[PDB]
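A short write-up of the structure that comes next.
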Number of protein chains: 2
Amino acid sequence: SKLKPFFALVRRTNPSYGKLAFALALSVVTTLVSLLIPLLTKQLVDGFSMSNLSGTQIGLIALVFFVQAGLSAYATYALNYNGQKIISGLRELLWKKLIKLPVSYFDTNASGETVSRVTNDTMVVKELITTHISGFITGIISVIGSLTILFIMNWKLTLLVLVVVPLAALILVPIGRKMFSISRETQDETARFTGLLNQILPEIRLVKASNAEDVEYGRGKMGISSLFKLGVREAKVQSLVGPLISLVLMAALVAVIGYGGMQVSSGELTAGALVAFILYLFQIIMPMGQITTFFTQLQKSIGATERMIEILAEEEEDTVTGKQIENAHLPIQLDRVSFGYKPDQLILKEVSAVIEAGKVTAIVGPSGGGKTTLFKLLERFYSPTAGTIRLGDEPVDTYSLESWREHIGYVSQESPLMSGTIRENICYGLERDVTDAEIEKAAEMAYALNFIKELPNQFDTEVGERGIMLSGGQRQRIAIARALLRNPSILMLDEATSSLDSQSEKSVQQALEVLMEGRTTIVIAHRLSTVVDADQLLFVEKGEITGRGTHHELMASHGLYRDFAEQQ
Amino acid sequence: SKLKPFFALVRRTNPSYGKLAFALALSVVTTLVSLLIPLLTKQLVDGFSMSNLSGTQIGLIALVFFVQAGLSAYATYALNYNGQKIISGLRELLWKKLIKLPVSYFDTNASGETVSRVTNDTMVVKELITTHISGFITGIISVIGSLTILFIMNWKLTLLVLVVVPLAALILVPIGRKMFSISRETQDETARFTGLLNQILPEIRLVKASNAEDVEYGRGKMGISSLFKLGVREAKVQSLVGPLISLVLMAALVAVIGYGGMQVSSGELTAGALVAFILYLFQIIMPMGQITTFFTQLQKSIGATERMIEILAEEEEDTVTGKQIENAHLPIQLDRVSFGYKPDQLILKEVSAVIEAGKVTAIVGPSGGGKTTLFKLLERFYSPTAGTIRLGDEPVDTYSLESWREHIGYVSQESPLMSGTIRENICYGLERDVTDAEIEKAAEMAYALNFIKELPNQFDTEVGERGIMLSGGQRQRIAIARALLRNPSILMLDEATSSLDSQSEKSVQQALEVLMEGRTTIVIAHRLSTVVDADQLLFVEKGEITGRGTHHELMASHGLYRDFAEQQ
């Protein structure tokens, strides 16, 4: 059952299984050559009883060490290479998924955690493919192959190892886990004290103004006393754990190596068979660590595969389906539309309005009262739960999101400065073979050109978390230049959520005034005073509405919530 | 030279050196008993040539293992205990230093880094005292004692080990450092990609609005391609490093164990001497790790001692020197006073003013222009560079800071909520044997009592980063209750630096109005509108002054910087 998704996740990378198979095979053949070195050494050590060295025996041991190293090296490369080509394929698939997910995905799921998916979870599967599967398979063959040769070569000394090794681990493992618990307990008390000092030192002015220097000292002195009473328990425990580990491990070693030595002097064994036995003990006790490592890792890695195949399961945003748009200079309408993240818990209910062509229609109201939902529905960031948004005759789901997002233009005042060249940020995603004669003219109209020419180069600069960093009206003008160069029919303007005051007003207000001409403009307001001269203003509260006029017309004709004209 | 401060830092803890000496001694005696186990094993293995076991030989090997473990355990305890008693003493000394440093210490030096001093640096010295010094000393005796017995027992097989062990390390160490460089290079490229995805995913709305989904994918695809071209270099390198480590380590093991085996069959050695030789190889190759560990650690630890003895070198705030105060209901004056952190770079120059008894005197001006320095001088948080602050006749440095800080009362509106009981926060540092009949009455006057009785208990609650958390006018009223219960003559009121708007105004303004009666009140303003009705108002700009009137009197009579009455 449980391993079914892991091979389905690997298969879709086109992994060329013949090359992985061979690499695994060579890993096995290498391990069977490790078992032969101590038998060649037995033949050397026993043969030297006639004490002239047969030079061909020590040459054959060296030749087998070099063949061992060649097959180990090719196998290690082959595993690594093929694993690196799988990880890159998974990366690729997660990336193109991520990049096309509905943007609502990102509301529910933390961006930085998503990135961890791509980066970390892929790594975890790499380790299994490259390292742990081979390590397991080879480890098993090494341990069983060592013990089956040992049992044929001397059974009594093997039975002693099969008693001593688990009887030692039966004593060491309970002791290891108890010792580790006291280490963790001491780290938690150290964090608790560190937190006591970290709260007293920023308060130090009040501590001194109060004459409280003696009482804070007494309370810190209590905190070093609990660290001391805990540290003397760690000292008591570790004084039994330390010498008990040394006693059990050498007593085991003295019993095994010493009983083998007693058989050689007794005549029950040869000096070469003791040399072979000592060489196989490394080939048992060392790859037992890679065996346990496999099980250790598989527990976390299997979760990682479910954690990724999750992602690849998600719905993509279908941008291409439906009609292409023409003549978007038509009245938008919302027709008794609703929205919510559940069928019951509506954020917006049965709302109706028209948004006229070549007109300005501002959106306003109390925070959380519904404004952001009405705007995200018109920006098609969300799809409505019932009713239709319309564009003249047709419901807007008639039209391709790729075509809708070519006719709208988005500008946020709390503007994100994405990393790149100052020109590329003015034609971002605008695949039209654009020339600097046009890019300059868009920067002119945006009142950016005179500032751009002030930067280190006449028309280049790198910006973002790298290069030049820009504030307020400098980033906002290159955004208005991007908007201007795209030629939108509908403009969708997002005021600052963090509620900053506007900067260098005369330039950015003039840049907007040239962007807005002839454009159907929808704007969402975080303070009411920024939109008061609009042709139409919409007031949204508790997922319902009352505003359907210009500001002074509504303030005269309706006035049921005059308070928001006082709070502003 | 370099170790001189380390023993001076340890000595002042009163470390009872006789007990450390003995513990070290027992560590040595234990190590000399480790060297005897393989000689008793040699005698057993050689004696079994007449193949009836002398039961007293295997009893004597067991008795020496139990004496070894007893002396190891007592020594390990003794080192740990004594080390735990040193660390607690250092902790104690750093703490009482820290707690009494001039508060200006905390402007220059980061609080959280200071805490690290206490916590981490002390730990580093503990490891040296408990673990590393003994480890070194014992390690040396173990390695030299093993090699001197080996050279007496069989010299030829010792010379082979003295050639093979360094010739192996001469090949493995350059290879280890090259491999580690490629591991670090791959971690830095992984961080660079993770940073590329982490900047594109929060921008995803702009990516989708722009139709930029294809270009962002292409740029992420470039980032997985550089990770692939780097990972296939790590694969090339590791395919040579992996099998070369296995080749050199077993070829060394086959040469040493195999040449020893050839001497036993040749007649140049006995089976028991080979068993002793194999048992000493663990006692050489294992404590070489603790030797290198010592040097590794000492490099960081010696720095740690200079890093602490630093601290203990600092000037303490002398709170006790000079006169005690009586009748502080006298005009404060500043007499041609100055301040700065350097003799040249004055923050305040030759300023003169009187602050009348039973009067209110507010401090105002542009940010960074000098206001905070004039206030911190009156709060005696700083000492003036020239001239004197005075209290009636005498310069204020006549009086004990412990007595001055009993006659002033400090209240900050951006109030720190220090951790503790809701009653103890109202009598913090007020050592007078106070009773709940008084604490209640102070909470009444502060308009806190009616809120306190609303909490989970009638007059208890734990507060801080634990228990109940309180906002604005709730924490401010227990601060005004503390101020009220102390009976200040001078009140020193600090408005919010983060420029928050005031909350539940009618209660806190009434609480202040009852605190302020008959009190000489000095207040520092972050907005001018909060202090306009004061008896006196002081305007501070560029480290000089012009305001010396009440608000409307100054605004009429002077007006040289009317702009701050417009900016407010």
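In the structure tokens, each chain is lettered A, B, ... as it comes, each chain's residues begin at 1, and ligands are numbered from 1 in order of appearance.
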
Non-local contacts of stretch 193-199 of chain A (10 Å; only C-alpha atoms; under 4 positions in same chain excluded) as JSON, numbers by chain = {"A": [188, 189, 203, 204, 216, 219, 220, 222, 223, 224, 226, 227], "B": [95, 99, 111, 112, 113, 114, 115, 116, 118, 119, 120, 417, 418, 419, 464, 465]}

Per DSSP on the backbone, what are the helix (DSSP H, G or I) residues of stretch 315-404 of chain B, as a VMD selection string?
-> chain B and resid 371 to 378 396 to 398 401 to 404

Test item: residues at most 12 Å from residue A:35, only C-alpha atoms, excluding those fewer than 6 positions along its chain, as an MDAnalysis selection string = chainID A and resid 28:29 41:42 64:65 68 138:139 141:150 276:277 279:284

Output the selection as a tab-separated table (two decimals), in the first residue's frame - N, CA and C atoms for each residue.
```
chain	number	residue	atom	x	y	z
A	28	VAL	N	25.96	-3.64	-5.55
A	28	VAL	CA	25.91	-5.01	-5.13
A	28	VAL	C	27.18	-5.75	-5.45
A	29	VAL	N	27.62	-5.74	-6.71
A	29	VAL	CA	28.88	-6.39	-7.14
A	29	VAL	C	30.08	-5.85	-6.37
A	41	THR	N	43.49	-12.01	2.39
A	41	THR	CA	44.33	-11.73	3.56
A	41	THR	C	44.56	-12.98	4.42
A	42	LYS	N	43.55	-13.80	4.69
A	42	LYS	CA	43.70	-15.11	5.33
A	42	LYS	C	44.73	-15.98	4.61
A	64	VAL	N	42.66	-6.30	-6.32
A	64	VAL	CA	41.27	-6.33	-5.85
A	64	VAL	C	40.88	-5.04	-5.14
A	65	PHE	N	41.76	-4.38	-4.38
A	65	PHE	CA	41.47	-3.04	-3.85
A	65	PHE	C	41.25	-2.00	-4.95
A	68	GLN	N	37.78	-2.90	-6.73
A	68	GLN	CA	36.82	-2.43	-5.74
A	68	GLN	C	36.60	-0.92	-5.85
A	138	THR	N	23.04	-2.71	-0.11
A	138	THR	CA	24.42	-2.97	0.13
A	138	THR	C	24.72	-3.32	1.56
A	139	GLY	N	24.16	-2.68	2.53
A	139	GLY	CA	24.26	-2.95	3.89
A	139	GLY	C	23.80	-4.29	4.34
A	141	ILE	N	23.41	-7.00	2.28
A	141	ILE	CA	24.36	-7.94	1.66
A	141	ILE	C	25.69	-7.97	2.44
A	142	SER	N	26.20	-6.82	2.88
A	142	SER	CA	27.45	-6.76	3.65
A	142	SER	C	27.33	-7.47	4.99
A	143	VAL	N	26.26	-7.23	5.76
A	143	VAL	CA	26.05	-7.83	7.09
A	143	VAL	C	25.77	-9.33	6.99
A	144	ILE	N	24.86	-9.75	6.12
A	144	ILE	CA	24.51	-11.17	5.98
A	144	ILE	C	25.65	-11.96	5.35
A	145	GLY	N	26.31	-11.40	4.34
A	145	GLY	CA	27.49	-11.99	3.71
A	145	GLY	C	28.67	-12.11	4.67
A	146	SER	N	28.89	-11.14	5.55
A	146	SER	CA	29.92	-11.25	6.58
A	146	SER	C	29.59	-12.37	7.56
A	147	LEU	N	28.39	-12.37	8.15
A	147	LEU	CA	28.00	-13.36	9.15
A	147	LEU	C	27.95	-14.78	8.59
A	148	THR	N	27.55	-14.99	7.33
A	148	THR	CA	27.53	-16.34	6.76
A	148	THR	C	28.93	-16.88	6.48
A	149	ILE	N	29.91	-16.03	6.15
A	149	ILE	CA	31.30	-16.46	6.02
A	149	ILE	C	31.91	-16.71	7.40
A	150	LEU	N	31.66	-15.83	8.38
A	150	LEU	CA	32.12	-16.04	9.74
A	150	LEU	C	31.62	-17.36	10.32
A	276	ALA	N	41.13	-12.54	9.45
A	276	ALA	CA	39.89	-12.46	8.69
A	276	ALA	C	38.68	-12.11	9.57
A	277	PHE	N	38.56	-12.71	10.75
A	277	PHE	CA	37.49	-12.41	11.68
A	277	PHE	C	37.50	-10.95	12.11
A	279	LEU	N	38.82	-8.37	10.44
A	279	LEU	CA	38.46	-7.58	9.26
A	279	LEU	C	36.97	-7.62	8.95
A	280	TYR	N	36.28	-8.75	9.10
A	280	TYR	CA	34.82	-8.80	8.97
A	280	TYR	C	34.07	-8.05	10.07
A	281	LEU	N	34.60	-7.90	11.29
A	281	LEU	CA	33.89	-7.15	12.32
A	281	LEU	C	33.64	-5.70	11.91
A	282	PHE	N	34.57	-5.05	11.21
A	282	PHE	CA	34.31	-3.72	10.63
A	282	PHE	C	33.20	-3.77	9.58
A	283	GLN	N	33.19	-4.77	8.70
A	283	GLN	CA	32.16	-4.94	7.68
A	283	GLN	C	30.78	-5.35	8.21
A	284	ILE	N	30.67	-5.74	9.48
A	284	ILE	CA	29.38	-5.90	10.18
A	284	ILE	C	29.01	-4.61	10.89
```

Shortest interatomic distance to residue B:73 - which of A:242, A:387, A:166, A:59, counting only C-alpha atoms | A:242

What are the closest atom pairs, with distances in Å to one decimal, for all residues of chain B lying within 6 Å of chain A? Consider only C-alpha atoms, order rows by chain and residue number, and present the result as a tab-separated table.
```
residue	atom	partner	partner_atom	distance
B:45	CA	A:262	CA	4.7
B:49	CA	A:266	CA	5.1
B:69	CA	A:243	CA	5.3
B:72	CA	A:243	CA	5.8
B:73	CA	A:239	CA	5.0
B:76	CA	A:239	CA	5.2
B:77	CA	A:239	CA	4.9
B:80	CA	A:235	CA	5.3
B:209	CA	A:405	CA	5.7
B:210	CA	A:429	CA	5.4
B:211	CA	A:429	CA	5.4
B:212	CA	A:429	CA	4.3
B:235	CA	A:80	CA	5.5
B:239	CA	A:73	CA	4.9
B:243	CA	A:69	CA	5.3
B:261	CA	A:271	CA	5.7
B:262	CA	A:45	CA	4.7
B:265	CA	A:49	CA	5.1
B:266	CA	A:49	CA	5.1
B:271	CA	A:261	CA	5.7
B:405	CA	A:209	CA	5.6
B:429	CA	A:212	CA	4.3
```

Take the residues that were just selected and, keeping N, CA and C atoms, output them as a compact mmCIF listing (two decimals), in the first residue's frame.
```
# COMPACT_ATOMS: atom_id res chain seq x y z
N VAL B 45 45.45 -15.10 27.08
CA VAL B 45 45.52 -15.70 25.75
C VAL B 45 46.77 -16.56 25.56
N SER B 49 47.46 -21.78 26.08
CA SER B 49 48.24 -22.79 25.33
C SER B 49 48.27 -24.15 26.05
N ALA B 69 35.90 1.27 36.27
CA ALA B 69 34.60 1.93 36.19
C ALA B 69 34.29 2.75 37.44
N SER B 72 36.61 5.91 37.29
CA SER B 72 36.05 6.72 36.20
C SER B 72 34.79 7.46 36.61
N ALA B 73 33.89 6.78 37.32
CA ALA B 73 32.61 7.35 37.72
C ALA B 73 32.77 8.44 38.78
N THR B 76 34.43 11.50 37.08
CA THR B 76 33.47 12.17 36.19
C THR B 76 32.47 13.00 36.96
N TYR B 77 31.93 12.57 38.06
CA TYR B 77 31.10 13.26 38.98
C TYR B 77 31.77 14.47 39.56
N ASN B 80 32.33 17.39 37.05
CA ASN B 80 31.05 17.92 36.75
C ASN B 80 30.48 18.77 37.85
N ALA B 209 -1.59 39.40 -13.16
CA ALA B 209 -2.18 40.57 -13.83
C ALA B 209 -1.41 41.00 -15.08
N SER B 210 -0.10 40.78 -15.11
CA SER B 210 0.79 41.15 -16.22
C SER B 210 0.84 40.15 -17.38
N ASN B 211 0.21 38.98 -17.27
CA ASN B 211 0.46 37.78 -18.09
C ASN B 211 1.90 37.24 -18.00
N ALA B 212 2.62 37.57 -16.93
CA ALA B 212 4.03 37.25 -16.75
C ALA B 212 4.29 35.82 -16.23
N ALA B 235 28.59 15.64 -7.67
CA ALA B 235 28.60 14.23 -8.07
C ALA B 235 29.95 13.78 -8.63
N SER B 239 32.31 11.17 -6.32
CA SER B 239 32.63 9.87 -6.93
C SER B 239 34.11 9.49 -6.86
N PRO B 243 35.16 6.51 -2.79
CA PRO B 243 35.96 5.30 -2.87
C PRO B 243 37.42 5.48 -2.48
N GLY B 261 49.27 -10.38 11.87
CA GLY B 261 48.94 -11.77 11.62
C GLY B 261 50.06 -12.57 10.98
N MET B 262 50.86 -11.98 10.09
CA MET B 262 52.00 -12.65 9.47
C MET B 262 53.14 -12.92 10.45
N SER B 265 52.06 -16.22 12.60
CA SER B 265 52.33 -17.46 11.85
C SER B 265 53.82 -17.69 11.59
N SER B 266 54.61 -16.63 11.38
CA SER B 266 56.07 -16.68 11.22
C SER B 266 56.83 -17.09 12.49
N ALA B 271 50.16 -15.18 19.75
CA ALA B 271 48.76 -14.82 19.57
C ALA B 271 48.29 -13.79 20.60
N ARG B 405 16.21 59.21 42.99
CA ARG B 405 15.23 58.28 42.42
C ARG B 405 14.14 57.82 43.40
N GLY B 429 9.86 47.59 43.85
CA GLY B 429 11.01 48.18 44.53
C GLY B 429 10.69 49.06 45.75
```

Using only C-alpha atoms, determine which residues lie at most 10 Å from stretch 530-544 of chain A, disregarding the query and same-chain residues fewer than 5 positions distant; provide the list as a VMD selection string.
-> chain A and resid 338 to 340 346 to 356 359 to 374 495 502 521 to 525 549 to 554 561 564 568

Go ahead and save the residues from that selection, with N, CA and C atoms, as a CSV table (one decimal), in the first residue's frame.
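out.csv, written as the output of this step:
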```csv
chain,number,residue,atom,x,y,z
A,338,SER,N,-23.3,37.4,-5.7
A,338,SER,CA,-22.9,37.1,-4.3
A,338,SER,C,-21.5,36.4,-4.2
A,339,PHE,N,-20.8,36.4,-3.1
A,339,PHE,CA,-19.6,35.7,-2.9
A,339,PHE,C,-19.4,35.2,-1.4
A,340,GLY,N,-18.8,34.1,-1.2
A,340,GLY,CA,-18.2,33.7,0.0
A,340,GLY,C,-17.3,32.4,-0.1
A,346,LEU,N,-21.7,34.1,3.5
A,346,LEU,CA,-21.5,35.1,2.4
A,346,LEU,C,-20.8,36.3,3.0
A,347,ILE,N,-19.8,36.8,2.2
A,347,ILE,CA,-19.0,38.1,2.4
A,347,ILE,C,-19.7,39.2,1.7
A,348,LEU,N,-20.6,38.9,0.7
A,348,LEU,CA,-21.2,39.9,-0.2
A,348,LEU,C,-22.5,39.2,-0.7
A,349,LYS,N,-23.7,39.9,-0.5
A,349,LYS,CA,-25.0,39.3,-0.8
A,349,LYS,C,-25.9,40.0,-1.8
A,350,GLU,N,-26.3,39.3,-2.9
A,350,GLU,CA,-27.2,39.9,-3.9
A,350,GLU,C,-27.0,41.3,-4.4
A,351,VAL,N,-25.7,41.7,-4.5
A,351,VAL,CA,-25.4,43.1,-4.9
A,351,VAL,C,-25.6,43.4,-6.3
A,352,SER,N,-26.1,44.6,-6.6
A,352,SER,CA,-26.4,45.1,-8.0
A,352,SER,C,-25.9,46.5,-8.2
A,353,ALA,N,-25.2,46.7,-9.3
A,353,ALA,CA,-24.7,48.1,-9.7
A,353,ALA,C,-24.3,48.1,-11.2
A,354,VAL,N,-24.3,49.2,-11.9
A,354,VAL,CA,-23.6,49.5,-13.2
A,354,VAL,C,-22.4,50.4,-13.0
A,355,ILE,N,-21.4,50.1,-13.8
A,355,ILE,CA,-20.1,50.8,-13.8
A,355,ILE,C,-19.9,51.3,-15.2
A,356,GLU,N,-20.3,52.6,-15.5
A,356,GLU,CA,-20.4,53.1,-16.9
A,356,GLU,C,-19.1,53.2,-17.7
A,359,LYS,N,-15.9,56.5,-17.5
A,359,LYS,CA,-16.4,57.0,-16.3
A,359,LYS,C,-15.6,56.5,-15.1
A,360,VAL,N,-15.6,57.2,-13.9
A,360,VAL,CA,-14.9,56.8,-12.7
A,360,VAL,C,-15.9,56.4,-11.6
A,361,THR,N,-15.6,55.2,-11.0
A,361,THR,CA,-16.5,54.6,-10.0
A,361,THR,C,-15.8,54.1,-8.8
A,362,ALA,N,-15.7,54.9,-7.7
A,362,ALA,CA,-14.9,54.6,-6.5
A,362,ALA,C,-15.6,53.7,-5.5
A,363,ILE,N,-14.9,52.8,-4.8
A,363,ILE,CA,-15.4,51.8,-3.9
A,363,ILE,C,-14.9,52.2,-2.5
A,364,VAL,N,-15.8,52.4,-1.5
A,364,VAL,CA,-15.6,52.9,-0.1
A,364,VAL,C,-16.4,52.2,0.9
A,365,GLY,N,-16.0,52.3,2.2
A,365,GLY,CA,-16.8,51.7,3.3
A,365,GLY,C,-15.9,51.4,4.5
A,366,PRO,N,-16.4,50.9,5.7
A,366,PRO,CA,-15.7,50.5,6.8
A,366,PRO,C,-14.8,49.2,6.5
A,367,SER,N,-13.7,49.1,7.2
A,367,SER,CA,-12.7,48.0,7.0
A,367,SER,C,-13.4,46.6,7.3
A,368,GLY,N,-13.1,45.6,6.5
A,368,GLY,CA,-13.7,44.3,6.7
A,368,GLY,C,-15.2,44.2,6.3
A,369,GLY,N,-15.9,45.4,6.0
A,369,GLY,CA,-17.3,45.4,5.7
A,369,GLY,C,-17.7,44.9,4.3
A,370,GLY,N,-16.8,44.7,3.4
A,370,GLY,CA,-17.0,44.0,2.1
A,370,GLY,C,-16.2,44.6,1.0
A,371,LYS,N,-15.6,45.8,1.1
A,371,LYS,CA,-14.9,46.5,0.0
A,371,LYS,C,-14.0,45.6,-0.9
A,372,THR,N,-13.1,44.9,-0.2
A,372,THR,CA,-12.0,44.1,-0.9
A,372,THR,C,-12.6,43.0,-1.7
A,373,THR,N,-13.7,42.4,-1.3
A,373,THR,CA,-14.4,41.3,-2.0
A,373,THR,C,-15.1,41.9,-3.3
A,374,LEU,N,-15.7,43.1,-3.2
A,374,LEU,CA,-16.3,43.7,-4.4
A,374,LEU,C,-15.2,44.0,-5.4
A,495,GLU,N,-5.6,51.6,-3.4
A,495,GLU,CA,-5.0,52.5,-2.4
A,495,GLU,C,-4.3,51.8,-1.3
A,502,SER,N,0.4,60.1,1.0
A,502,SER,CA,0.9,60.3,-0.3
A,502,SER,C,2.1,61.2,-0.3
A,521,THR,N,-12.5,53.7,-14.9
A,521,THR,CA,-11.6,53.6,-13.8
A,521,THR,C,-12.3,53.2,-12.5
A,522,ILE,N,-11.9,52.1,-11.9
A,522,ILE,CA,-12.4,51.5,-10.7
A,522,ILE,C,-11.4,51.6,-9.6
A,523,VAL,N,-11.6,52.3,-8.5
A,523,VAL,CA,-10.6,52.6,-7.5
A,523,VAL,C,-11.2,52.2,-6.1
A,524,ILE,N,-10.4,51.6,-5.3
A,524,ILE,CA,-10.8,51.2,-3.9
A,524,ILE,C,-10.1,52.0,-2.9
A,525,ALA,N,-10.8,52.7,-2.0
A,525,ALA,CA,-10.4,53.7,-1.1
A,525,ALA,C,-10.2,53.3,0.4
A,549,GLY,N,-24.5,57.1,-5.8
A,549,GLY,CA,-24.5,58.5,-6.2
A,549,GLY,C,-23.1,59.1,-6.3
A,550,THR,N,-22.9,60.3,-6.7
A,550,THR,CA,-21.7,61.1,-6.5
A,550,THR,C,-21.6,61.6,-5.0
A,551,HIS,N,-20.5,62.0,-4.5
A,551,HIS,CA,-20.3,62.2,-3.0
A,551,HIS,C,-21.3,63.1,-2.4
A,552,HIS,N,-21.4,64.4,-2.9
A,552,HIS,CA,-22.3,65.4,-2.3
A,552,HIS,C,-23.8,65.1,-2.6
A,553,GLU,N,-24.1,64.5,-3.8
A,553,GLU,CA,-25.4,64.0,-4.1
A,553,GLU,C,-25.9,62.9,-3.1
A,554,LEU,N,-25.0,61.9,-2.8
A,554,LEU,CA,-25.3,60.9,-1.8
A,554,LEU,C,-25.4,61.4,-0.4
A,561,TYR,N,-25.6,56.6,6.7
A,561,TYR,CA,-24.3,56.5,7.4
A,561,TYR,C,-23.4,57.6,7.2
A,564,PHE,N,-19.2,57.9,8.3
A,564,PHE,CA,-18.0,57.7,7.5
A,564,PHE,C,-17.5,58.9,6.8
A,568,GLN,N,-13.7,59.6,7.8
A,568,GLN,CA,-12.9,59.7,6.6
A,568,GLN,C,-11.8,58.7,6.5
```

Given the choices A:400, A:129, A:105, A:180, which gets closest to residue A:21 if the distance is worked out from only C-alpha atoms?
->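 Among the listed residues, A:129 lies closest to residue A:21.
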